[PDB]
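>>> Any chance you could fold what I've pasted below:
(chains A, B and C, ligands or ions: 1)
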Amino acid sequence: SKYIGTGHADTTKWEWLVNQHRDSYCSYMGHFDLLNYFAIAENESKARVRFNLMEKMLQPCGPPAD
Amino acid sequence: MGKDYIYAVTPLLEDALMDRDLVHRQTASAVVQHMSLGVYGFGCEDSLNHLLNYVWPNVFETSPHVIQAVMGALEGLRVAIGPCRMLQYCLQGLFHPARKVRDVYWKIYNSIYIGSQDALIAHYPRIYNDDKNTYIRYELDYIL
Amino acid sequence: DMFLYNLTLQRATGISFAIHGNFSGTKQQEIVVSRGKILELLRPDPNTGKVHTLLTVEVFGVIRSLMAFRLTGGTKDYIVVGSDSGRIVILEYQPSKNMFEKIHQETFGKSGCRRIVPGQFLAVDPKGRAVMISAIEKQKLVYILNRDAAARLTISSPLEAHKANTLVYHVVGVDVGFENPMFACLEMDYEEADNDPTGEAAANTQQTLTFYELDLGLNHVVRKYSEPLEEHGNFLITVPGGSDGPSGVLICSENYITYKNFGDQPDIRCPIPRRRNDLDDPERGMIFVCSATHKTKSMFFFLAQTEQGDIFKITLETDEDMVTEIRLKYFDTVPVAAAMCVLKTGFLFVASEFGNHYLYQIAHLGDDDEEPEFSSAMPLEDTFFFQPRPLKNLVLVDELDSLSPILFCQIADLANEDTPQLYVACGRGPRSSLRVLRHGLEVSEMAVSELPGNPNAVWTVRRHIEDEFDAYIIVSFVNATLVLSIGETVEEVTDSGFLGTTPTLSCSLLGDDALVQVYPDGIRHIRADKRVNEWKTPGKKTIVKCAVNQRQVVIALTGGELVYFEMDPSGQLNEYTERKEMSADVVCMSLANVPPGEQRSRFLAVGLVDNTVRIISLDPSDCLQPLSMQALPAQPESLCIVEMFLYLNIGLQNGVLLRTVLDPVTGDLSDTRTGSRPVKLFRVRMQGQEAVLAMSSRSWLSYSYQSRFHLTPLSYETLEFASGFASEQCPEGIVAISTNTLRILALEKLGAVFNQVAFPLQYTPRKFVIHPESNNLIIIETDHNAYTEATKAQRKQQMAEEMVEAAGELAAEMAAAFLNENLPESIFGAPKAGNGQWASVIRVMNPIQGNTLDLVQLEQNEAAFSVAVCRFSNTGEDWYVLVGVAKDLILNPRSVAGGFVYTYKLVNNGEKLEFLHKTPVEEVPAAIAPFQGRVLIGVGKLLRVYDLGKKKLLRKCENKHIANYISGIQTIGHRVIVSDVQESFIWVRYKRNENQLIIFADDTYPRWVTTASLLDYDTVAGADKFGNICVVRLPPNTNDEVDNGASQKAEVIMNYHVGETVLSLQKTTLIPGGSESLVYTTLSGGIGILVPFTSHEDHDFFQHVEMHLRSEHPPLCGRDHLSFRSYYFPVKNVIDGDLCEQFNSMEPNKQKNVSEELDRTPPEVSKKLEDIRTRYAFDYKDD
Ligand SMILES: [K+]
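Residues are numbered from 1 along each chain as shown, chains lettered A, B, ... in the order given. The structure is reproduced below:
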């Protein structure tokens, strides 16, 4: 329960959804060569890729409901 | 070294694992755990899946000890079977309209989730987007 | 059960983290680079710069952080390494033991790079007394490095710094003056961003530069201060504090640079300057990537680098504690680096992220400039506009090679020697290139001089024996000879005395200064005093072969006639009495060089048309008499008596080899076969020792080496001659020829890896194919964010007009010099622009020479993806070129526009393309698979089947059951392999009687598929993004004739996490006369192979070796190894290679423990592991 990412009987799809986004991006930063994949894919530098990921850490999936 | 000696244990674990008594379910589930830890990376899965389909409907049971042995049983089946097939037998009634089955499937989901979250990255089911928010990780969809 | 055994051939050469220091403990300085999992130590050379690699060590894990320090008063730097699992290690070097001694581990978190688990960001204090680890969530731990009086590292308990809902961009600790230590961090809150329905807290929330404090006395971590920033921040330097310079951090960020001390300090901003005459979009900013503190006792200057290859010498100005000016000044322009280091006596190690790795020597110190210095003190609202410029300070010492990122490798033979070469198209941007890989011994290139004609044989023989320098280079043609002299500016010489209108068949030194040539009209003994003792040939006979010596001249005419000469103590010739004639002609002979002890050599091994090598003595007692003859399996071409006790070797008329000890009766042999082309045994000099450079299909080399034999090839294409060499250019080299060339080569190496040559390109090559008929290459090249040639041209001219439009005397022009130099995009960066911009270039190239054949350029926003030279069914025997094109890939978020397919006729023996027609398609084509004389195209979601029409393509058949999206496609001649992007491979059978596409087999396991190469009718050898090689077999229960996706399945036989990304699989045979091998190249520049076995006894042998080697010798960085390969999937049926090959490296008492634990001797174990590599891969040992 105190661990981050624990669900329970009221957690919704937006909460579960944004959680799996945030640890997704932490995993992207967590590897060492998938960044070389994204840097070879679209033409950037690795620091630009890291900064774009860290800026898209709090943005994505927008505002909540209501 | 009991990897070639699991087959005759399986119908033996069928009359064992079928629904008779608390000691059968509890201790036999602990046998599911210990077998599941003895075979780990050692070339045997489909036997254990045929175990797993008999393991799974036993979840809805009220006694705390036997549901605890079910929990550790599912943790052993997690570490031997893999995260994928656990989650595929998990996702069914996550959003079911009833709190009783929700406490169940959330509780199993947390016990899945604490153990090795980092393996879950590829095995997430992709869900396509609604109108208001973006749900597609294009990072998994770039093409050379 | 088809188990597999991993192995590797070329380690990954991609640098990601370079720290440095003194790990020898001495004054000398070494560089810890870091690859993906291969930690490696280096050493430069302070006299000629050659980076001699010293130690390389696998860690079998993920290297995520790497920081060095040194305790107070010590002189031996350490390394800290952060692991993927929640345990931190500390290492230490051993200059005599030659390994990494572990020191201590702590257990703090779970395994796998989670959110709340630390190990991500690692902070060290500059005094070595404290160290801090920190995730991108609440758990941040601080350790204390106490040293006792027992010279060890008494680490402490962990210190809790939990804090709900924060981020961290970066953490570097602060150079404080012997205080409660201070740790900096760029936090970011988001608990504001978790309640608002309108969602404005995605704005209006910025970094705080919070500082952290340890308390040594009271044993708790408290926070120092917290102050908001303005703009978002990448990496931070610690300014050197203490007693030299102030203590701060300077925050690089979006277009500005900002000092910010805590205190009463006012904060300077200064913007990053931009180039003169940009060719970009002004929307994109410019930030930094790396930083290099050059701490000297007197001063310090930085060198940081932009995106576009610009090093900035930031010369900080300040007060005692206040700051005054951050003035800026560029240093020069080098290619891009991701981390780099500065070494004492002025070395700079530019470590690129892509391609080669550099090493610069600082030639000019200080500030000696004429371009003006910038400042923050200047009033400007306009940023500073600086000049780009060539290489002026630095010099390139050496070019360290690398191969990453290997995109598309194909293993094939495109020449006339046996071994399949490795053609790899790899690179990045305009620095990309095409590279030819071979595997022989390290042939050092010395000289190139191409000549018209056909040299056959070219020696380099001294004039006088006392000299360590030789005399001449005798390039014998078919119709003449070219005589060269080593005057170190080597040209054609006249006074050599040879004057060869006839071809030279041997060059030898008979007298002390008397040279002997061998020519088809006789023998011309040439003293240094120009006297001619011309021997004439009786009759119309021609000399065929001869056998030279420092005191003996043995020749052979037609008819097997031996004519023996003798050197006197005076130095002249005496003919032997009896000319021994043979029954067959002489095809080859051999006579050794004379030892200095004796005056003559006895043996004379004479190969004949009779195929019987004959032993002939040359003593004056039994000169030209039979000793022992011995029949041979074939007809030799050359023979050579060599040393490393007397040795001889026999080369057959194909590239195979036997052995023969030099003796009146033969006793020892070991055969080697690695040949189809006849063998030429020519004399060389390998580090003061003679060997036999056997010339066959390849230039092979068998050598005794302290009775450690090796059959070894050269790392170069076909040659036909070798001899020794000595000059000022190369005092120990090899003179080699081939068809229409003249080269000096050299051999210096004992070790054995690939050695290469490279061909330049323009863009990042996506894929290429072989022409089958004329044997040529079809390169397609594609970039995002680029301008093509025409848009660059009229863009530059239009911007020139825009610089005439500036409203001012237009009394002089910038265009006169501005239209002169296009900067070479090789080194001067690239004008990156746009979001939906593209480019495309298609090229034909010949791999023998360097030159290119045809060039095609395309539309701006239309970029090429795939190609297959295919013939069609219903037309003639002619090959085409097909090219798919996509249109306007707004890639994130994915919205595309369309597609087109070209067609080129491929005429002129495949040496000139031409347009034929063009067809539209509504979606990106990603598949050109020829199939039954027609071409297949899988586009978007809908799989299609086309055929050629005289104006377009003519759509026949089409699937639409395929769920998500279609990436690649490969076919056996009946069945079709679909590479779905989320689901696994999909098997498709096509009804030829009905025109219908049928899906019959699927998977339950979604894998992110990239590539495949098939092996049979039922197994598909795939890959993955993350690094999971997988092979799935079709069960024979699958009904071929049928009408989640299928109730039937196809079961896994293998799951083996690699840890890097695999790109091009190809089953082949690397060495001639070998076996099957499924080669995986990978993304980080490495090459891995796979192995099938022989027996369950061998396999359970290696399995018990795994059972004991794992726990009885753990990995270095503490990664649980079965839980490392078992990362996503349970591993099925693979034996690791490099884990089981540490028996060559463990301690000898544990060699006793394990070798006696399995009851086997270490020569039996190590010989068993020699057998696998000598069997399949590039191992060179000769039985
Ligand atoms: K013959």
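>>> and the residue lying closest to residue C:847 once chain neighbours are set aside, which of the three is it?
Closest residue to residue C:847 apart from its sequence neighbours, by CB to CB, 6 or more residues apart in numbering or on different chains: residue C:414 at 5.5 Å. No exception for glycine: its C-beta is placed from N, CA and C like everyone else's. Classification of residue C:414 by DSSP: H, G, I helix; E, B strand; the rest coil places it in coil.
>>> looking at it, residue C:414 is touching residue C:772, isn't it?
No: using CB atoms under 8 Å, residue C:414 is not in contact with residue C:772, being 10.9 Å away.
>>> More neighbours: which of the two?
Neighbours were tallied for residue C:414 and for residue C:772 using other CB atoms under 10 Å in any protein chain shown; the higher tally belongs to residue C:414 (17 against 11).
>>> Just list the residues touching the more buried one, thanks.
C:421, C:423, C:770, C:775, C:847 (CB atoms under 8 Å, 6 or more residues apart in numbering or on different chains).
>>> hmm, try it at 10 Å
C:420, C:421, C:423, C:436, C:770, C:771, C:775, C:776, C:777, C:846, C:847, C:848 (CB atoms under 10 Å, 6 or more residues apart in numbering or on different chains).
>>> Just the closest residue of chain B to chain C, please.
residue B:118 (3.1 Å; CB to the nearest CB).
>>> Around the closest residue to that residue other than its chain neighbours, count how many other residues there are.
Excluding its sequence neighbours, the residue lying closest to residue B:118 (CB to CB, 6+ apart) is residue C:112, at 3.1 Å. Burial of residue C:112 is recorded as 21 neighbouring residues (other CB under 10 Å).
>>> wait, isn't residue C:112 in contact with residue A:31?
No: with contact defined as CB atoms under 10 Å, residue C:112 does not count as touching residue A:31 (11.0 Å).
>>> Please enumerate the shared neighbours of these two.
Residues touching both residue C:112 and residue A:31 (CB under 10 Å, 6+ apart): B:121, C:62, C:84.
>>> Tell me the spacing between the closest residue to chain A within the stretch 651-800 of chain C and residue C:889.
Relative to chain A, the nearest point of the stretch 651-800 of chain C is residue C:785 (4.6 Å; CB to the nearest CB). According to CB to CB, to the nearest Å, residue C:785 and residue C:889 sit 11 Å apart.
>>> what does residue C:707 give?
Residue C:707 is 62 Å from residue C:889, by CB to CB.
>>> Same check on residue C:214?
From residue C:214 to residue C:889 the distance is 51 Å (CB to CB).
>>> Looking at the two, which has the bigger crowd around it?
residue C:214 (24 against 19).
>>> The more buried one should be in a strand, yeah?
Yes: Residue C:214: assigned to a strand according to three-state DSSP.
>>> my guess is it contacts residue C:144, does it?
Yes: under the contact definition of CB under 10 Å, residue C:214 touches residue C:144, with a separation of 7.4 Å.
>>> shared neighbours of those two, which are they?
C:125, C:129, C:130, C:159, C:181.
>>> how deep is whatever residue of chain B ends up closest to the ion tucked in, by neighbour count?
Nearest residue of chain B to the ion: residue B:144, at 55.6 Å (CB to the ion). Residue B:144 has 17 neighbours, counted by other CB under 10 Å.
>>> Strands of the stretch 151-300 of chain C, start to end?
When assigned using DSSP state E, counting those that start in this stretch, the strands of the stretch 151-300 of chain C occupy the ranges C:166-168, C:173-174, C:182-189, C:208-215, C:220-223, C:233-238, C:249-253, C:256-260, C:269-271, C:274-275, C:293-295, C:300-302.
>>> among those strands, which is nearest residue C:647?
Among the strands of the stretch 151-300 of chain C, strand C:293-295 comes nearest to residue C:647, with 57.0 Å by CB to CB.
>>> packing partners for that closest one?
strand C:300-302, strand C:337-343 (3 or more CB pairs under 10 Å, 6 or more residues apart in numbering or on different chains; DSSP states H and E).
>>> Quick check: can you name the pairing partners of it and their directions?
When pairing is defined by DSSP bridges, strand C:293-295 lines up against strand C:300-302 (antiparallel).
>>> which residues are in contact with the partner strand?
With CB under 10 Å, 6+ apart, strand C:300-302 has contacts from C:237, C:239-240, C:244-245, C:250, C:291-295, C:311-316, C:328-329, C:331, C:342, C:366-367.
>>> just to revisit the earlier point, show me the one of the helices and strands packed on strand C:293-295 that comes nearest residue C:381.
Closest among the helices and strands packed on strand C:293-295, using CB to CB: strand C:300-302, at 26.5 Å.
>>> Now that closest one: buried residues?
C:300, C:301, C:302 (16 or more other CB atoms under 10 Å in any protein chain shown).
>>> out of those residues, which one sits closest to chain A?
Taking CB to the nearest CB as the measure, chain A lies nearest residue C:302 of these, at 16.8 Å.
>>> for the residue positioned nearest the centre of chain C, what are its contacts?
By CA atoms, centre = their mean, chain C has its centre lying nearest to residue C:403, at 2.7 Å. The contact partners of residue C:403, taken as CB under 10 Å, 6+ apart, are C:10, C:12-14, C:355-356, C:409, C:422, C:424, C:426-427, C:435, C:437, C:754, C:756, C:758, C:1081, C:1084-1087.
>>> Could I have the buried ones of the residues you listed as PyMOL selection syntax?
A single PyMOL command is used to select the members of the contacts of residue C:403 judged buried by 16+ other CB under 10 Å:
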select buried, chain C and resi 10+12+13+14+355+356+409+422+424+426+427+435+437+754+758+1081+1084+1085+1086+1087
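>>> about what we covered before: can you lay out the shared contacts of residue C:214 and residue C:144 as TSV showing neighbour count and distance to residue C:67?
Listed next are the shared contacts of residue C:214 and residue C:144 as TSV, based on neighbours: other CB atoms under 10 Å in any protein chain shown; distance: CB to CB, whole Å:
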residue	neighbour count	distance to residue C:67
C:125	22	10
C:129	18	14
C:130	23	12
C:159	18	18
C:181	24	15
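>>> Any idea how many residues pack against residue C:382?
Neighbours of residue C:382 using other CB under 10 Å come to 8.
>>> That one and residue C:371: what is the separation?
For residue C:382 relative to residue C:371 (CB to CB), the value is 18 Å.
>>> Kindly report the same for residue C:203.
In terms of CB to CB, residue C:203 sits 40 Å off from residue C:371.
>>> Setting aside sequence neighbours, what's the nearest residue to the closest residue to the ion within the stretch 501-650 of chain C?
Going by CB to the ion, the ion is nearest to residue C:635 of the stretch 501-650 of chain C, at 3.4 Å. Nearest non-adjacent residue to residue C:635, counting by CB to CB, 6+ apart: residue C:653, 5.1 Å away.
>>> Which parts of chain B are helices?
For chain B, applying DSSP state H gives helices covering B:9-17, B:22-38, B:46-55, B:64-81, B:83-88, B:99-114.
>>> Which neighbouring elements make contact with the first one?
Counting contacts by 3+ CB pairs under 10 Å, 6+ apart, the secondary-structure elements packed against helix B:9-17 are helix B:22-38, helix B:46-55.
>>> what is the orientation angle of the shortest one with helix B:9-17?
With axes from the mean of the first three to the mean of the last three CA atoms, to 10 degrees applied, the angle from helix B:46-55 to helix B:9-17 works out at 10 degrees.
>>> Chain neighbours aside, what residue packs nearest to the most far-flung residue of chain A relative to its centre?
Computed with CA atoms, centre = their mean, the residue of chain A farthest from its C-alpha average is residue A:9, at 24.2 Å. Using CB to CB, 6+ apart and skipping residues adjacent in sequence, the residue nearest residue A:9 is residue B:102, 5.0 Å away.
>>> now that neighbour: how far from residue B:125?
Distance of residue B:102 to residue B:125, computed by CB to CB: 19 Å.
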